[PDB]
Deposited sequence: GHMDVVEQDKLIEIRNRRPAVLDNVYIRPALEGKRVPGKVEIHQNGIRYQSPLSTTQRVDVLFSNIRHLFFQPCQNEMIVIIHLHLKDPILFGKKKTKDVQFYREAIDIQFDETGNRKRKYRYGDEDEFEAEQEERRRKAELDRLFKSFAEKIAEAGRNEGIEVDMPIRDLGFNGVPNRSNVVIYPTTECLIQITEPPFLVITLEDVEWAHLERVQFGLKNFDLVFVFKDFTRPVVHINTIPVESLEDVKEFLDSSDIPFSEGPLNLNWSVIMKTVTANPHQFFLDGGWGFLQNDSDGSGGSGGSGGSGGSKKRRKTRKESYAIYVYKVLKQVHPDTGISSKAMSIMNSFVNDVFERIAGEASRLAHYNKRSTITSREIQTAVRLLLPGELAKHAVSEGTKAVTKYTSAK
């Protein structure tokens, strides 16, 4: 389902301002051929020449951002529309709609003429949508950095209001005002790259990862977050965000009483158990929080003990000619590695959990 849009109100008195020979993304059903965009009173219209029904109406009222990206240093030139509420798009729905034309010394004039054309049109759209507070936003190229939102390496560009990747799908548009917190992960001596995680003010919205950003962009990324007034934290580990957000969305007040996003990791292959340590804390001391340095120490205990028990189970399995580690090797390892009273209760709890698990 979607949010209903009013009908487009057409300009008929005159031939409307038109941008010809453009492709649309996402693509529609059928052959890939050029269409055109027309500007009207309440919005704009993409139109395919395959059938008068193959078209897309977009209201000024439903455009959150209007981006223009020149091809001065790219293969294609683009006008991109990011929408407040998504729209039905043939079978699917989309929150983005973009129009592009490919560019293929002598190319100098063709490329620059292509940009002047799209830029003017983009301006006409904003002028046409002046009532709705629409403005042409553009990438800030000198602040660009590389990263992997999906599967391939791409350049992420800040804009006046956003952080974007619109050159190839899947598209990335992060509106900074929506952000609650940023987290930099795998930041440690001597990293080659790190991961950037965006948390949103809407705690039900999934977090956004921009992975594998080169270390040479670490300082520029921080500077960008600071200048965008986005608070952040950083550390060596990857956190378990889907579990974290669920824990937070439940009871956010207690979460922020307990220290907020910072205590999960802030130290500036090891596993983060931090969110689970916190879950247990909320069982044993519901009103007591834990600092980031203390959480880091607890997390190291857990890794250490994991590694020690597993290392011994592996040892036991080999000595006993078994090829598989089971609960029996864990139990024996626990018996050998832990002090008696502590080992007694641990063996009891591990046995109790298997008993419950297996009854089910």
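Gaps between the deposited sequence and the modelled structure occur at positions 1-3, 108-132, 297-317, 410.
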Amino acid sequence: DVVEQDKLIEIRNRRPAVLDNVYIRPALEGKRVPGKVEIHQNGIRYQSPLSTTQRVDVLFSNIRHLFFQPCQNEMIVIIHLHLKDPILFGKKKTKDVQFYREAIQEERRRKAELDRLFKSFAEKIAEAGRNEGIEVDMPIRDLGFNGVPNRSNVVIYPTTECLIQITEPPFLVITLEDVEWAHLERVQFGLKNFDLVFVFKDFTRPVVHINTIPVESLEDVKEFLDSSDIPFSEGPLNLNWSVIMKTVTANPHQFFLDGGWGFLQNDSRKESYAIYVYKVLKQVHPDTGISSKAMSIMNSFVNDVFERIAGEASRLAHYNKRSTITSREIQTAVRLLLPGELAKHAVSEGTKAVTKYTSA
From here on, numbers count along this sequence of modelled residues.
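Between the stretches 91-99 and 191-199, it is 91-99 that shows the larger average CA temperature factor. The PDB entry reports B-factors from which the mean C-alpha value can be compared for 331-339 and 290-298; the larger average falls on 331-339. Highest CA B-factor among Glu219, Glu177, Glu113, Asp258, as stated in the entry: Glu113. The residue among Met138, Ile156, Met75, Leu81 whose C-alpha carries the highest B-factor in the deposited model is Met75. The entry lists a Cα temperature factor for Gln283 that places it in the lowest third of the chain's modelled residues. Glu161: CA B factor in the middle third of modelled residues in this chain (values from the PDB entry). Per-chain ranking of the deposited C-alpha B factor places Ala126 in the middle third.
In the deposited entry, the Cα temperature factor of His209 places it in the lowest third of its chain's modelled residues. Among the modelled residues of its chain, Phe306 has a C-alpha B-factor that falls in the lowest third according to the deposited record.
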